[PDB]
Each structure stands twice: as C-alpha cells, then as structure tokens.
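In the block that follows, a single chain appears as structure tokens, in the form deposited in one PDB entry.
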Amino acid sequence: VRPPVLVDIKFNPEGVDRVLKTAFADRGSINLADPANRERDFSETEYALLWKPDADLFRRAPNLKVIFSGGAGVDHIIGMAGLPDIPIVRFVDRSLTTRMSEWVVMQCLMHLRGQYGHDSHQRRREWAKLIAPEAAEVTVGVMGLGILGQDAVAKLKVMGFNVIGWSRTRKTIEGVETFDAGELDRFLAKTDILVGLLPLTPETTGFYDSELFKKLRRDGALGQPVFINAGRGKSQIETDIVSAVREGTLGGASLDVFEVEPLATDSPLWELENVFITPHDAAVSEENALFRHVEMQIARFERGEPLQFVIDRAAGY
C-alpha cells in the first residue's frame, strides 16, 4: 500500500475537495484544509503538493521524497526555512503552453493592428481607416525562452513577426537571433514589442522599470514600443508603466499579471490609452490538470525514471 499524497494548496477549498475525490486513486490524499487532519501522522508521507504551505510542514513530514508545486511558479516555496534538499517539481501544464501562445500572439496582433483605435472609433460610430505595418516590419523581443517563450517565438514567427529572444543562457533557435543575459541593452534596443515570460526571482523582481522602457526601440514601425507581461506581476513597476505610457515612452501595453492581484480598482492602468488588461486569465489550468501532472510524475518516479520539470535550486527557478 502506497501512502497517501499530502496536499496543502490554498485554492477554492470546495474545488480542491472535489478533484481529490478522483485523484491519486491508488493511495488517496491528505488534504491539510480538513480539520480532521490537524493531528495527522505524516511519518510515511513521500510526496507533498504545496501552494503557499504552512511553515512547519517539513517538521511534520520529515521523510518527504518529492515536493510538487501547486503552481507554475515556485517563488511561493523557494524561500522557506527548513526546505528539505529534495527535488521540487514545478507544475508544467503541458496543455497550458498553447493557451499562453494564443494570448501572446493575440496581444501582439492587437498592438500591430491598432485594436485600441479601432475599438475607440467603433464605439463612437466613426469609420476611420488605420495604417498598420505588416508583422515582418516589427520585432518582437521575447524575454524568457523556456517552455512558454519557445512556443510563443515559434507561433509569432509563423504569423510573420521578426522575433528575437533573450534568456539567462543564450539559446539556439533557427531563424531567431538570441542573446545572453549580459546583452540585455542591445536586445532592448532592437525590440519594438517586448514580451515578458520570465519567472519571479530576486534578479527579475522590479525588472521592468522606467530605465528598461527607455531602452526599447524608439524609431520602429509602431512609432512607440510596447510592453507585454504574462510572467509575474512583481517583475514590473506599474507606476513606471503608467508614466511611460503617459509620456510616450511606451505606445501601449498588455498585462495579464500585476504587482498586487486583483489589480486595485483605482489603478490608472484600467483606463490608460492603448493598455489591455486581462485578470490573470491568460493561461489558468483546468482544475484536474495539476493532479494529472503530479500523478504522472509519481508514476515516472516509481518506475525509477527521472522527474521532469525539476527546479534549479541554485538558480531559483
């Protein structure tokens, strides 16, 4: 008999309860939201699925073999005291990648084509032809070339954009100029539409700021460059986005993530011209997908195969 999987995830508790009815069917689960588990024995527990876990979890479950993040991010876990030296697996919803690429391509097209203007005129019953350059005249600079960035690059290229990429270690991608960490300024100077698909680490906290926006290409085919972020909200400085749009440093933005979520009602972003807001719904997983992922990794682990999507502790993502 395999021991049940420990689950401590701060999502809709009623939703989690329901998924867990059919998850882990060979072993069951220990839902830490249930008061009947306040004094549960975790001595045999092998696997823990955690999202914003209780601080003393690792004292209670000292024999864990693998930690599974309940999210795509691991900032919620990585900084915890007493985090054991065991693999931490991030949630890579293999079906979510394509949905992030739908969002990225749509946002880039809406900026390329002038959706903001089209919609403003439509609401005023104004017939107003706009000029847009073809995609090939515009360079999209993708920051982050991991699971999400490499899919976005591929699809943006097919739509016709010139695409360049930036990552901590330079990638090799056919047809796409790619840059190392240290080449940030050069990469920004070539970029008309910046697409952010970075994890949140100390190095990427407050990264998208006034100074960065002033380095984007100023004499490109869109007139003024555009900032797009669907990575993590704490990577950007929103007051600097607001100032940059008002002063014309940025021609617009598309944002799915924010420093504080939900975005405050009084944020200036909501009504800023040429700014598109989605409420962190660009690529949210269907509720079972996390559990299917964890189950699959357990199966690999129990056949003696390598875990996938293991984070690099020293790098922080």
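If you superpose the two forms and keep the largest set of C-alpha atoms that fall within 1.5 Å, you have the rigid core. All residue numbers refer to positions in the sequence shown, first residue = 1.
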Could you settle it for me: does 177 to 185 or 219 to 227 have the higher average Cα B factor in the PDB entry?
219 to 227
Higher avg CA temperature factor (209 to 217 vs 143 to 151, as deposited) belongs to 209 to 217
When the entry's CA B-factors for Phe258, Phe68, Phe276, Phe58 are compared, the highest one belongs to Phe58
When the CA B-factors of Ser43, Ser254, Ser267, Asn31 are compared as recorded in the entry, which is the largest?
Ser43
For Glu287, the third of its chain by CA B-factor is the highest
Please place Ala25 in the lowest, middle or highest third of its chain according to the CA B-factor in the PDB entry.
middle
Tell me, lowest, middle or highest third: where does the Cα B factor of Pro133 rank within its chain?
middle
Within this chain, which third does the Cα B-factor at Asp17 fall in: lowest, middle or highest?
highest
How does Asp240 rank on Cα B-factor within its chain, lowest, middle or highest third?
middle
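As for the form deposited in another entry, it is not shown, yet the points below apply to it.
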Among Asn274, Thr249, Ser267, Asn31, the C-alpha that moves by 2 angstroms or more between the shown form and the other one, rigid core fixed, is that of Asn31
Core-superposed comparison between the shown form and the other one, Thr22 Cα displacement 2 Å or beyond
no
Answer yes if the CA of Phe258 moves 2 Å or more between the shown form and the other one after aligning the rigid core, and no otherwise.
no
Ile9 C-alpha shift between the shown form and the other one of 2 Å or more, rigid core reference
yes
